[PDB]
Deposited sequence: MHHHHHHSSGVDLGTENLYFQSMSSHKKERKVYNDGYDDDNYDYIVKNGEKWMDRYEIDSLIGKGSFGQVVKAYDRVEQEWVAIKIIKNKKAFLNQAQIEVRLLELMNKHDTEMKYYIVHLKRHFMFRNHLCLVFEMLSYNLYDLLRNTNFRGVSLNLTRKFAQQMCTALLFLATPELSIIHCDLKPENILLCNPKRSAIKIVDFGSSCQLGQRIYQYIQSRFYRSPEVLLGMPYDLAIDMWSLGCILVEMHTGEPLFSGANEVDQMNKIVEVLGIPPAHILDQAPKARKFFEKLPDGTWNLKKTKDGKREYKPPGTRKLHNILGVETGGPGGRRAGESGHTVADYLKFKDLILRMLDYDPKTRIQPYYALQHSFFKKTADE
């Protein structure tokens, strides 16, 4: 029993062969990525004389149609003149090859999860965290340009890659989960650890959910550890509450899924549901201590390092708390984030 003549496995993926030449142009080197989606390969373009990453989509209607969304959004980004688009991975061209849609991207280096692995999850400096933070704020500003209004819907360290392994330049990848501002379709979105409270509560959402994710990410880059590591949605909300307290009454009064995590007392105020004592009381796990503002950084491991002063840590703390505002209408936006004192030289 064969699939697609030679060419596919029993699972609609193209069977990758090292050394194969496509369309008398692309020399396939190796398999570098897997997903649901299909595969990613490192390949040499003989014509243009450069390495590329090729995203080979499964030969199956559902994934093809998903990738065409990705293509459409990238091509939309492509027609904008500004320099801010460089923080998004660039789609060079696409083509069908043996019944698989193939997206050709510029070749990048490792992602920010791999970078943490090399620190043994002890985190990178605050100077480097800042460089990443500034570039991401700029990328979100670009996505926010009115004619795009794109929500990535899945920011996490895995989906932010270095351009070069010895430099700090980064880009966002994978717009297959994305959408534009408009009428709600999707409700179960964002990777759990990076999932915003408006999504957890079943409420309306907008581009601000990406800023929440960024907040969680930047802390995790410096500590090496995820800020909110929930095993399920209840645990995820409880871990959020440990740091940031009970969310405001006016929000919870409108949440469809309010009662999944909370109960409204006879006097109108909201509490956690009682579900073996486990969590720290509401708002007692202060971000102040997580970052180690006055105690030499996370685990005290930055004591005596330059570029880790108390003054520097306070600016970081402030910016992060603005990204982790419970209210998506007052949560800081990209244009104003870029003006914060954490970026003044």
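What gaps appear when the modelled C-alpha atoms are mapped onto the deposited sequence?
Holes in the chain trace, numbered from 1: 1-30, 306-308, 379-382.
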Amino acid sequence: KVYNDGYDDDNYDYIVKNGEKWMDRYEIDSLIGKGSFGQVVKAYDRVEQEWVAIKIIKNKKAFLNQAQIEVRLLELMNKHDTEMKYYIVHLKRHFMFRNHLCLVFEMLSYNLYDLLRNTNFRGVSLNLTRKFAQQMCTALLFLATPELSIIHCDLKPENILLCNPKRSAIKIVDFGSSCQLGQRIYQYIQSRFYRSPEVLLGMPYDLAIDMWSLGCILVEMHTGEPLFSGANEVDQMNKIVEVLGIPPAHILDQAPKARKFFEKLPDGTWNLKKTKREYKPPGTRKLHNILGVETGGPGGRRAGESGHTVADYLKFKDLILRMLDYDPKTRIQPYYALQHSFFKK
From here on, numbers count along this sequence of modelled residues.
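Each form is matched to the other, and the largest set of C-alpha atoms that superpose within 1.5 Å is called the rigid core.
So, in 9 other deposited structures of this protein, taking the root mean square over structures and residues of the Cα distances after a rigid core fit: is 82-90 or 254-262 the more displaced stretch?
It is 82-90 that deviates more in 9 other deposited structures of this protein.
Larger mean CA deviation from the shown form in 9 other deposited structures of this protein [core fit; 279-287 vs 38-46]
It is 38-46 that deviates more in 9 other deposited structures of this protein.
Mean Cα B-factor comparison, 202-210 or 175-183, giving the higher one as deposited
Per the PDB record, 175-183.
Averaging C-alpha B-factors over each stretch, which comes out higher, 237-245 or 80-88?
That would be 80-88.
Looking at 270, 193, 132, 142, which has the highest CA B-factor as recorded?
Comparing C-alpha B-factors across 270, 193, 132, 142, the maximum falls on 270.
Lowest, middle or highest third: which one holds residue 197 when the chain's residues are ordered by CA B-factor from the entry?
Its C-alpha B-factor, which the entry lists for residue 197, ranks in the lowest third among residues of this chain.
Where does residue 58 sit by CA temperature factor within its chain: lowest, middle or highest third?
Middle third - that is where residue 58 ends up once the chain's C-alpha B-factors are sorted.
How does residue 166 rank on Cα B-factor within its chain, lowest, middle or highest third?
As the PDB entry reports it, the C-alpha B-factor of residue 166 lands in the highest third of its chain.
Ranked C-alpha temperature factor of residue 320 among modelled chain residues, by third:
Lowest third.
Record-listed C-alpha B factor of residue 326: chain third:
CA B-factor rank for residue 326: lowest third.
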